[PDB]
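Structure 1 and structure 2 below are the same protein chain in two forms, each given by itself as structure tokens.
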Structure 1
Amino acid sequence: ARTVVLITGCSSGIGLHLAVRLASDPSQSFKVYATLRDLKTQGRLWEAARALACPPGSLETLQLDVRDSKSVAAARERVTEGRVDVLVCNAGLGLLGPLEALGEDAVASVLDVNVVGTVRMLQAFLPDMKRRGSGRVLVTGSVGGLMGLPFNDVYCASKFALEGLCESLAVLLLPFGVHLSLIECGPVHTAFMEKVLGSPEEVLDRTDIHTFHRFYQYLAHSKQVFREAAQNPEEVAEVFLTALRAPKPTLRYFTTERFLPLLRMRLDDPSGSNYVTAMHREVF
């Protein structure tokens, strides 16, 4: 009788807060499969489930590495109810630093998890939704998928890629009754903002002094933007529930309107000149 939800990337942040928001819903409408790359990281998902008092049987954890199509197929197999009514593609990696300072493996990894991983989910789960003629897909997006940010070149590349992927799919899926939406997040208060950049010694080793200095300047500024604009994952989760509930969902939901001016400026000078000038000024 329940809405079956499968979420990727639940060990922390938005995926964690969404899974237990859904599982602990006063109305008990949702059966949640919360998936994680590594089950050793599953504790917080249980600390928090106990805190919001999720009913027994509301929340099931599954191991699911989105780099591995056999792992995607094994997690699907484990969906006893034999359908997924809501698929949430949220697993993601960050990467921050001078481009020439990033390892080639890390670059490939970010693309594999953020982009190919989402493809793998969609390949494995869309066919059955198209046949039932129903289903909702919610993809965690970013404002860095809508505008480019210095030192986030690869991260932005992976989030722009998701815009292209999802927008392309949406044009097709429209008459199938399968709804795909991006939830476009600005800065969110989670953990992310030191885990994903090397040591100062490492970075200086791999770039010039002037680039290093501009990286410090970007970081300082980034910290201020987070301090003034970062939303909690509670607020973010609730936008996913809005999309999930809309009878006619749009391709994009924004968790904040704050960056929509910047976006408009981007969008009305397609030479990119005004955007690049404005953002250079703003960051540096």
Structure 2
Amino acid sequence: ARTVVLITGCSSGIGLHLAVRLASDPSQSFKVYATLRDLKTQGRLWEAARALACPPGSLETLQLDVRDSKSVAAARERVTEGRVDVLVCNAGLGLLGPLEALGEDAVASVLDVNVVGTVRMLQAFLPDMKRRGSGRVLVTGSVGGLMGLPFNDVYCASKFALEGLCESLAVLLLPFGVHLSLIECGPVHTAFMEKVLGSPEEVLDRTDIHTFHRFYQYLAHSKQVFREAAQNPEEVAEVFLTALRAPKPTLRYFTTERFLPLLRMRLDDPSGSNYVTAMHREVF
């Protein structure tokens, strides 16, 4: 019938655009379940959905807290068609700042949402896809999950986690008929993201003036990279679709090639000394 897709973290960014991009497809081959943690944020999903003229019933909204298995279970039961053909694990949190400046709860929230939240989604949805011998799971990756970035230690950790988690499953799912693929995104044009970067005094009292100085320096550098490398979510969202459609999807898809040169030098030197070096100069 119609491909049933459930996407997490749809209140903005990639999740939002992908949801409406799927539900608004001229072919109307997709039934989308856009879940968000807080429903008071569905506004933009809906205004965006009116903008693309998604036919009614092509887009349903669900409250889903990936930090809660009960919510994960309850939303899974809201899928009237009693089946999900494409599960998109997109919900994710960021974290920028000196390691010593990051609150313990903040660190725990990012791993809990980004990694364990994805585990819960996989636990609740993988079984049936395995039983039915079919299904596709897509997980939003990040260049940060492929290489470490200064002041993104915990973010990268959780993104790296996702790589390990999916690669591990991938080895097991190969003969099962269910496909898992990571979508490695570089910066994705977001006006708020470039706004999130800029923490003076609060970070200053939680770290030394030399680390602090390097933070600013790194903020300045991300700023540039964004303003000259950021991709439109319409563009990134189109990669999910490419993967979702590939008859034999690969474990991972890259939304850009800009960061591929850096990634190569990463395994052109397993000792990590070359990358840490290129990347340090690269940012400072």
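By convention here, residues take numbers in order along the sequence of structure 1, the first being 1. Under this definition, the rigid core comprises the largest set of C-alpha atoms superposing within 1.5 Å between the forms. Residues that one form lacks are left out of the comparison.
A.B. asks: Superpose on the rigid core, then report which one of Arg83, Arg132, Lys195, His210 has a CA displacement of at least 2 angstroms between structures 1 and 2.
C.D. replies: Correct option: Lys195.
A.B. asks: Keeping the rigid core fixed, what distance in angstrom separates the two C-alpha positions of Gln42 between structures 1 and 2?
C.D. replies: For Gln42, the alpha-carbon shift amounts to 0.5 Å.
A.B. asks: Would you please work out which stretches of at least three consecutive shared residues show Cα displacements of 2 Å or more throughout between structures 1 and 2, after fitting on the rigid core?
C.D. replies: Shifted run of three or more residues, which all move 2 Å or more: only 190 to 199.
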